[PDB]
Structures are given as structure tokens and as C-alpha cells.
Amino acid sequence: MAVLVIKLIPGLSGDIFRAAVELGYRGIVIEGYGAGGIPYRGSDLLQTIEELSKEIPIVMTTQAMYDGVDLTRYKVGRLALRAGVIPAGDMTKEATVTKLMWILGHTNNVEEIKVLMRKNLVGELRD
């Protein structure tokens, strides 16, 4: 039920994400830019995630306040999907993190955690 939430900034590297997983963090939320995505150059970030995404849930939400996320909208988004990133859709940041903690509270099957984060449990998400 230990979750790390890190804000995406230009040039951020996957270094601290490897550290989190080593530290026993069971889930990670990334606050991306706009409609969501990952840089494919300038850092090891994308490769780091394509790696750890299969091992722990990696969720992407937006730094912006309104309108949420859509990883299909851009190639930067689509790549993050291909790397195994779980979109947060139109969820609030509070909903996204508590939803994750609650799910990790009784499962660790990344692939299952992923179908769950994409399902509207209690009115928190448009699915």
C-alpha cells in the first residue's frame, strides 16, 4: 500500500523509479503534462518504465487541474501505453492515488491492477 507519486519535469530520469521499486513501493503514479505521455528522448525514462511497468503498476495522470488524461491523443502518449503505462482518465489526483492504494490492498497482479484502474468502480471515472 506504499505508493510514490512523482511529477514529470523536463529531463527527469528513470533513476528514482528504480530506487522506489527497490525500496518496496508497490505502485507509482506519474503526473504527466497535459493529455499525457512519455519523452522518447533526453533520458532513460521511457526504457526505465517499459521495464518496471510489467513489475509494478505505473499510472499516469495530468499536472493540469481539469480535463484529465488521454494517452491515445499523442505519440508521446501512445508510447507510454506501449510501455505498459496505465492511464488515469478523467480521475482526480486524489481519486487516482487512493484507488491505487485500495487496489494494491488486495492484489499485486499488475495486469489485473490495470483493468481495475480502468474500470469505473464508484463513479470516479468515465470508462
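So that the term is clear: the rigid core is the largest set of C-alpha atoms that superpose within 1.5 Å between two forms. A residue's number is simply how far along the shown sequence it sits, counting from 1.
Rigid core fits of the other structures in 5 other deposited structures of this protein place the C-alpha atoms of one stretch farther away on average; of 37-45 and 57-65, that stretch is 37-45. The mean C-alpha temperature factor is higher for 35-43 when 35-43 and 60-68 are set side by side. Between 73-81 and 45-53, the higher mean Cα B-factor belongs to 45-53. Annotation for residue 122: C-alpha temperature factor in the lowest third relative to the rest of the modelled chain, per the entry. Annotation for residue 1: C-alpha temperature factor in the highest third relative to the rest of the modelled chain, per the entry.
In this PDB entry, the Cα temperature factor of residue 9 sits in the bottom third of its chain's modelled residues, the lowest group.
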